[PDB]
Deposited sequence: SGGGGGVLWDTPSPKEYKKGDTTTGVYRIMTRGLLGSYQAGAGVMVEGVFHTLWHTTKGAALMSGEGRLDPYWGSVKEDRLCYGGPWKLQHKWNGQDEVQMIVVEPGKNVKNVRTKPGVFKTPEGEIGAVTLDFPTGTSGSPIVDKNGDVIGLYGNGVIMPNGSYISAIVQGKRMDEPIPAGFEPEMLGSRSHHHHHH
């Protein structure tokens, strides 16, 4: 389940103002936060499981999924994956926590690693509630190095999320 380019009579493209966003939805009990994401270079990035590819409304416009991978658990709207930085495996990083029902706050942490058969992946020991996935993680220069939301629950009950990230994709050729 890795990689796929979506199929999206035009529509008005939604607001892609740079920043961190809350992904909202309406349920049988009212509106709530499904997840979060980060808008950069006119493209919306988030984990795959937050919207599962659902079209998103932003302003008076709409944003359609462009690319996504369930295995990578990443998804972007409006264009190719734009994030192009990753943890240097040395410095501390900061998560812009977009927790449902609470104001955004930054928490810094020294990443550890997930040892994969294919190498190592930065991993932050931060435990935040369902719906926080998509929250961006940044380095000291303020660049988005990855996303929060996909990891493991250790036997001690503490949650550890990998710094979910992919490489920048080129524009369609």
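Unmodelled regions (deposited sequence positions with no C-alpha coordinates, counted from 1) are 1-3, 12-14, 180-198.
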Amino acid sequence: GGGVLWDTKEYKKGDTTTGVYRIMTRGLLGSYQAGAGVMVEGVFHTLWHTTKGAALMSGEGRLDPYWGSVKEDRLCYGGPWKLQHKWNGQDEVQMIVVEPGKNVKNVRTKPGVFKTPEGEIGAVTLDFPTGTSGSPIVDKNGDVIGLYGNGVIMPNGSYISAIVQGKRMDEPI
From here on, numbers count along this sequence of modelled residues.
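Look at the mean CA B-factor for 118-126 and for 144-152 in the entry; the higher one is 118-126.
49-57 and 105-113 differ in mean CA B-factor, and the higher of the two is recorded for 49-57.
Across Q165, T25, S161, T17, the entry's maximum B-factor at the CA atom is seen for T25.
When the modelled residues of the chain are ordered by C-alpha B-factor, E99 sits in the middle third. Ranked by C-alpha B-factor against the other modelled residues of its chain, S135 falls in the lowest third. When the modelled residues of the chain are ordered by their C-alpha B factor, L29 lands in the highest third. Looking at the C-alpha B-factors along this chain, the one for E72 belongs to the middle third.
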